[PDB]
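In what follows, a single structure is set out as structure tokens and then discussed.
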Amino acid sequence: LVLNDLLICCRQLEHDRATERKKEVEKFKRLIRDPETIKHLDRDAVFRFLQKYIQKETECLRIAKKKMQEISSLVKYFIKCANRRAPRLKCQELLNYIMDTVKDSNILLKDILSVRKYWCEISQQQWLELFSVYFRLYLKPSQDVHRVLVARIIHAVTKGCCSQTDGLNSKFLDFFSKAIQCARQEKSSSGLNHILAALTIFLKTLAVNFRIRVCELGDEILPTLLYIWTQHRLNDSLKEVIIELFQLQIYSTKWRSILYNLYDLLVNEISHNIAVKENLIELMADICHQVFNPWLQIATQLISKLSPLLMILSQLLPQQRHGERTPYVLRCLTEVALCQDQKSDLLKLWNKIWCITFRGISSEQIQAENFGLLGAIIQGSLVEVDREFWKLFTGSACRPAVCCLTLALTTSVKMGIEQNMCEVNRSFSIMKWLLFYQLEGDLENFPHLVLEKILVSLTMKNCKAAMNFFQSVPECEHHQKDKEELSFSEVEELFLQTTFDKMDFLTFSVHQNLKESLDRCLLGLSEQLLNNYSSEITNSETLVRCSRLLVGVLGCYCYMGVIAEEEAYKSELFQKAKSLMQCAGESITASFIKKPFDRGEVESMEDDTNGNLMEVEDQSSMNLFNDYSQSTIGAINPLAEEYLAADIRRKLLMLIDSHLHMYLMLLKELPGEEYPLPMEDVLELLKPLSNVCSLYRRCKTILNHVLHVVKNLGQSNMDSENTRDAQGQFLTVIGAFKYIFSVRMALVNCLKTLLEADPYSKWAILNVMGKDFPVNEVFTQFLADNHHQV
């Protein structure tokens, strides 16, 4: 029984250090079926599970003592231990894997499973986390394992994943990485750890980060052979240095302009054609990181010279157009020169927009270029791109009227539907394009239309010229495809509600206007059973159809609240059960870092299906929004994840978005799951998402508050281990009322404490709330709080 493995444990006793060469497999023989090794080692046979590993670690001591294959059996049997591993099997997976660490310098038998098995501890702890430093020091040294070299990130992930762990500026790794900054192996993976490096400015000086940018580029920027790990610092440089230099601008340059020159050099390191035209944004950013922390002429040459500079440079047009805006007129020449001159058409989009976007940039010549040279495009006035982008890119500069015809020619999103709003931006209240719009109604559906039927009334001036016409045309479009299969299924036709909310509300829209929209309601009732009954593949056309369902009341405005009113309230319960059927039915439906994250993602990585049911969960959240037609039928459904898991934890997550007494049960439902979360992952973020719904929920609430008071211990009784979501709690401490007791209607000293220790002073935020509408003693307390602040 339990001693059934004791023979394999005797075979493990005969798998012991010298005799492992024989009975390790014999120990593994009953461990092949894993009686009391995986399975009943869940019990005291965990010792045998430990023996399946620890004694397996003890197996290779004199077996592998030359006999590297005997340690491969240890590599195999400990794997086999963790392969079987119905029991915990983390015990030697800590120590022996720690005994397998950079301290074991590569026998490669230990290193394989070290980064391989990390995931749950890479999820849990690195704890130690300084071996990766030595391992990065070893990765800097002759021992190179990329997974291990990237493990310094995964250990930093293990340092970040369940455990949040940091410190020494990761210098033990950073110096190890500074040892890798010049020459080392497994570099890009060793540079995969640069995230922990990238984090270092935090709780620290980004000014210390600001000037430190100069360091590795000599063997990195100059010795450019590996670009893979290098870009990591570039943004940190761009940010913790160059945005810290943009903050120094707010407040290296030396570490900068030289590297910026080294980048201005690397600007040339970009070959161009369009294939070499890609990443110049980073340069365009670096340009925005050089200009605005006035070089435009070199680019005014570099974009005047032509893919090799220009596919780099004409694709970088946002550089000063975005990182700055309304810039100097030195390109008002390029506003001609390049207007003569792909990336240019991109720049043409980028600049013509930037031209519309520039306000205060000095010329009428750029404006003449805008008038003429864009007018030349406004003359050319045909592209899939420019006529979509670059034309509207200057199309917004106006809102030209030569398009009063092109308005009628706008029948057949970005090219088709985009300027219609800009046209609706050309008119507050020719005029016959309603048919062209009805022809657009025979054309577009397109996906762009979310505001369009709302925007329809903008130029309509409530004229009602097409009022039945394009509307029946939509009813005819509702006929245009009339089947169970209907494309642009009425979410795309739901603009009827919008135009109704436009016509009836923004100029009724729900119940009265439903007459035509009934076909749309039907066209929205069309595919409803098709997948839900099918429970078949490719049901996310409905998930795709949840986007007009993702167009809600959104509060209210002229059609804005009215649109879903004109739609969702207009048609609500009919497919609800069909979706509820789809709901409860589909209710069923660097690397060690990643699985650790996937372990942190255990809900997040869990269900890749029921996306439509997730969209139904969205639609249920939209049904939760519909609460603003059997709502409680949704609330009925809500027990589904509450019944549970992982995919259900994936599902139950949506609840954080989605009675308070009932919520108290959901709060209860969560609380079990809350505990079921070892919860050293960040889902307390999702908890804040719930906290809003909890607030939205927040008698039974007292219990729910008591239920909430549970989490009020959660890292507060931890009083540690998080330093992450605590804000949302103090945020959630707005208006509220051990770790759940003193803070109740107080939260303060914790927050006060939280201020200093955060990302340092990350917690400063909430103080508004304390004052938010404070009282005299509260002011006194807030004043008194300044002591805790002090």
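Residues in the structure tokens are named by chain (A, B, ... in the order shown) and by number from 1 within that chain; ligands are numbered from 1 in the order shown.
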>> Set the distance at 10 Å and use only C-alpha atoms: which residues neighbour residue 511 of chain A once local chain neighbours fewer than 5 positions away are removed? I'd like the list as an MDAnalysis selection string.
In response: chainID A and resid 517:518 565:567 569:571
Written file, previous selection with N, CA and C atoms, as a compact mmCIF listing (two decimals), in the first residue's frame:
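And here's out_29.txt as it stands now:
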# COMPACT_ATOMS: atom_id res chain seq x y z
N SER A 517 -36.04 48.69 -37.56
CA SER A 517 -35.04 47.97 -36.79
C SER A 517 -35.49 46.58 -36.38
N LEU A 518 -36.79 46.31 -36.42
CA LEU A 518 -37.25 44.95 -36.18
C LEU A 518 -36.55 43.96 -37.10
N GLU A 565 -30.05 51.88 -26.25
CA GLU A 565 -31.48 52.01 -26.06
C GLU A 565 -32.21 51.72 -27.35
N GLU A 566 -31.83 52.41 -28.42
CA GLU A 566 -32.40 52.12 -29.72
C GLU A 566 -32.08 50.71 -30.19
N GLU A 567 -31.15 50.02 -29.53
CA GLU A 567 -30.81 48.65 -29.90
C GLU A 567 -31.01 47.66 -28.76
N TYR A 569 -31.86 47.79 -25.41
CA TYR A 569 -33.19 47.85 -24.85
C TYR A 569 -34.25 47.57 -25.90
N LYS A 570 -34.04 48.04 -27.13
CA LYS A 570 -34.96 47.73 -28.20
C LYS A 570 -35.12 46.23 -28.38
N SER A 571 -34.02 45.49 -28.48
CA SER A 571 -34.08 44.03 -28.59
C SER A 571 -33.17 43.47 -27.50
> For residue 32 of chain A, which residue out of A:84, A:272, A:67, A:700 is the nearest one, using only C-alpha atoms?
Replying inline: A:84
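Pairwise distance (atom CA of residue 12 of chain A, atom CA of residue 120 of chain A) equals 26.6 Å.
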>> Give me the residues near segment 703-713 of chain A as a VMD selection string, where near means some atom within 6 Å (using only C-alpha atoms) and where sequence neighbours in that chain fewer than 2 positions away do not count.
In response: chain A and resid 664 700 to 701 715 to 717 739 to 740
With C-alpha atoms retained, could you export that selection as a compact mmCIF listing (two decimals), in the first residue's frame?
# COMPACT_ATOMS: atom_id res chain seq x y z
CA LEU A 664 -21.86 38.94 -1.29
CA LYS A 700 -25.67 41.68 3.40
CA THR A 701 -23.18 44.28 2.17
CA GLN A 715 -1.83 41.42 1.64
CA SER A 716 -2.50 43.56 4.70
CA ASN A 717 -2.26 40.60 6.98
CA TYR A 739 -5.75 43.89 8.86
CA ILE A 740 -9.49 44.12 8.20
>> What parts of segment 125-318 of chain A does DSSP call helix (DSSP H, G or I)? I'd like the answer as an NGL selection string.
In response: :A and (131-139 or 146-160 or 168-182 or 187-190 or 194-199 or 206-214 or 216-218 or 231-250 or 257-269 or 274-277 or 280-290 or 296-302 or 307-316 or 318)
>> For residue 25 of chain A, find every residue with an atom within 8 Å (counting only C-alpha atoms), except residues of its own chain fewer than 4 positions away, and show them as a PyMOL selection string.
In response: chain A and resi 15+20+29+77
Once you have the residues from the selection above, write them out as a JSON list (two decimals), in the first residue's frame, restricted to N, CA, C and O atoms.
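Result written to out.json:
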[["chain", "number", "residue", "atom", "x", "y", "z"],
["A", 15, "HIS", "N", 18.45, 1.97, -5.05],
["A", 15, "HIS", "CA", 18.77, 3.09, -5.92],
["A", 15, "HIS", "C", 19.69, 4.07, -5.25],
["A", 15, "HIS", "O", 19.91, 5.17, -5.77],
["A", 20, "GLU", "N", 22.29, 3.15, -7.32],
["A", 20, "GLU", "CA", 21.37, 3.80, -8.24],
["A", 20, "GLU", "C", 21.56, 3.32, -9.67],
["A", 20, "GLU", "O", 20.57, 3.23, -10.40],
["A", 29, "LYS", "N", 10.67, 1.67, -11.29],
["A", 29, "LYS", "CA", 9.74, 0.67, -11.80],
["A", 29, "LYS", "C", 8.38, 0.78, -11.13],
["A", 29, "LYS", "O", 7.36, 0.94, -11.81],
["A", 77, "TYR", "N", 15.49, 10.48, -13.54],
["A", 77, "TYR", "CA", 14.65, 10.05, -12.43],
["A", 77, "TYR", "C", 14.04, 11.24, -11.71],
["A", 77, "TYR", "O", 12.84, 11.23, -11.41]]
>> Using only C-alpha atoms for the distances, tell me which of A:274, A:154, A:139, A:201 is nearest to residue 180 of chain A.
In response: A:139
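Proximity of A:229, A:47, A:730, A:172 to residue 194 of chain A, computed with only C-alpha atoms, is greatest for A:229.
Residue nearest residue 488 of chain A within the list A:449, A:434, A:333, A:466: A:449 [criterion: smallest interatomic distance, only C-alpha atoms].
We find atom CA of residue 74 of chain A and atom CA of residue 131 of chain A to be spaced 21.3 Å apart.
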> Skipping near chain neighbours, those fewer than 3 positions away, what residues fall within 8 Å of residue 102 of chain A using only C-alpha atoms, listed as a VMD selection string?
Replying inline: chain A and resid 105 to 106 111 131 to 132 134 to 135 138
Atoms to include: N, CA, C and O atoms. Write the selected residues as a PDB file, in the first residue's frame.
ATOM      1  N   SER A 105      30.980  26.003 -15.299  1.00  0.00           N
ATOM      2  CA  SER A 105      30.388  25.164 -14.260  1.00  0.00           C
ATOM      3  C   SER A 105      29.166  24.446 -14.804  1.00  0.00           C
ATOM      4  O   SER A 105      28.142  24.345 -14.120  1.00  0.00           O
ATOM      5  N   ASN A 106      29.260  23.978 -16.048  1.00  0.00           N
ATOM      6  CA  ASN A 106      28.124  23.334 -16.705  1.00  0.00           C
ATOM      7  C   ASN A 106      28.427  21.857 -16.943  1.00  0.00           C
ATOM      8  O   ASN A 106      29.254  21.508 -17.788  1.00  0.00           O
ATOM      9  N   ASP A 111      21.591  21.737 -15.592  1.00  0.00           N
ATOM     10  CA  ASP A 111      21.126  23.012 -16.126  1.00  0.00           C
ATOM     11  C   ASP A 111      19.852  22.860 -16.940  1.00  0.00           C
ATOM     12  O   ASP A 111      19.051  23.799 -17.015  1.00  0.00           O
ATOM     13  N   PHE A 131      21.172  33.265  -7.422  1.00  0.00           N
ATOM     14  CA  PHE A 131      21.898  32.281  -8.210  1.00  0.00           C
ATOM     15  C   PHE A 131      21.869  32.644  -9.684  1.00  0.00           C
ATOM     16  O   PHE A 131      22.876  32.477 -10.382  1.00  0.00           O
ATOM     17  N   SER A 132      20.725  33.135 -10.170  1.00  0.00           N
ATOM     18  CA  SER A 132      20.652  33.683 -11.517  1.00  0.00           C
ATOM     19  C   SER A 132      21.693  34.765 -11.734  1.00  0.00           C
ATOM     20  O   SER A 132      22.259  34.854 -12.825  1.00  0.00           O
ATOM     21  N   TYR A 134      24.678  34.816 -10.156  1.00  0.00           N
ATOM     22  CA  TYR A 134      25.812  33.936 -10.404  1.00  0.00           C
ATOM     23  C   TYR A 134      25.655  33.193 -11.717  1.00  0.00           C
ATOM     24  O   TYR A 134      26.622  33.055 -12.470  1.00  0.00           O
ATOM     25  N   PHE A 135      24.450  32.709 -12.006  1.00  0.00           N
ATOM     26  CA  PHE A 135      24.202  32.105 -13.305  1.00  0.00           C
ATOM     27  C   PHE A 135      24.377  33.107 -14.430  1.00  0.00           C
ATOM     28  O   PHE A 135      24.944  32.762 -15.466  1.00  0.00           O
ATOM     29  N   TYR A 138      27.652  33.312 -14.414  1.00  0.00           N
ATOM     30  CA  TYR A 138      28.027  32.130 -15.174  1.00  0.00           C
ATOM     31  C   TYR A 138      27.640  32.258 -16.637  1.00  0.00           C
ATOM     32  O   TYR A 138      28.380  31.791 -17.503  1.00  0.00           O
TER      33      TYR A 138
END
>> List as a PyMOL selection string the protein and nucleic acid residues near residue 406 of chain A, meaning an atom at most 10 Å away when only C-alpha atoms are counted, but skip any in the same chain fewer than 3 places from it.
In response: chain A and resi 381+400-403+409-411+419-420+430+433+436
Could the residues in this selection be written to a file with C-alpha atoms, as a short mmCIF file (atom, residue, chain, number, x, y, z; two decimals), in the first residue's frame?
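Done, and the output landed in out_16.cif:
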data_model
loop_
_atom_site.label_atom_id
_atom_site.label_comp_id
_atom_site.auth_asym_id
_atom_site.auth_seq_id
_atom_site.Cartn_x
_atom_site.Cartn_y
_atom_site.Cartn_z
CA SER A 381 -7.27 62.43 -54.70
CA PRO A 400 -11.85 70.34 -50.42
CA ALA A 401 -15.45 71.02 -51.44
CA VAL A 402 -14.44 69.46 -54.75
CA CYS A 403 -15.23 66.38 -52.69
CA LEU A 409 -18.35 59.26 -54.38
CA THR A 410 -17.80 58.12 -50.79
CA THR A 411 -20.46 55.42 -51.21
CA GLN A 419 -13.90 61.51 -44.28
CA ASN A 420 -17.70 61.29 -44.03
CA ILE A 430 -23.69 68.12 -52.32
CA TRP A 433 -25.21 61.86 -51.34
CA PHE A 436 -24.62 57.65 -52.23
#
> Counting only C-alpha atoms, what is within 8 Å of residue 496 of chain A, bar same-chain residues fewer than 3 positions away, as a ChimeraX atom specification?
Replying inline: /A:453,471,474,493,499-500,516-517,520
Output file for the residues above (C-alpha atoms, as a JSON list (two decimals), in the first residue's frame):
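Contents of the output file selection10.json:
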[["chain", "number", "residue", "atom", "x", "y", "z"],
["A", 453, "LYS", "CA", -25.44, 56.33, -38.38],
["A", 471, "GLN", "CA", -33.70, 53.54, -44.02],
["A", 474, "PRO", "CA", -31.20, 49.44, -44.76],
["A", 493, "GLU", "CA", -26.97, 46.92, -39.13],
["A", 499, "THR", "CA", -29.49, 56.45, -36.87],
["A", 500, "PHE", "CA", -32.73, 55.91, -34.94],
["A", 516, "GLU", "CA", -37.53, 49.09, -39.44],
["A", 517, "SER", "CA", -35.04, 47.97, -36.79],
["A", 520, "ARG", "CA", -32.36, 44.43, -37.77]]
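In this structure, atom CA of residue 407 of chain A sits 20.6 Å away from atom CA of residue 503 of chain A.
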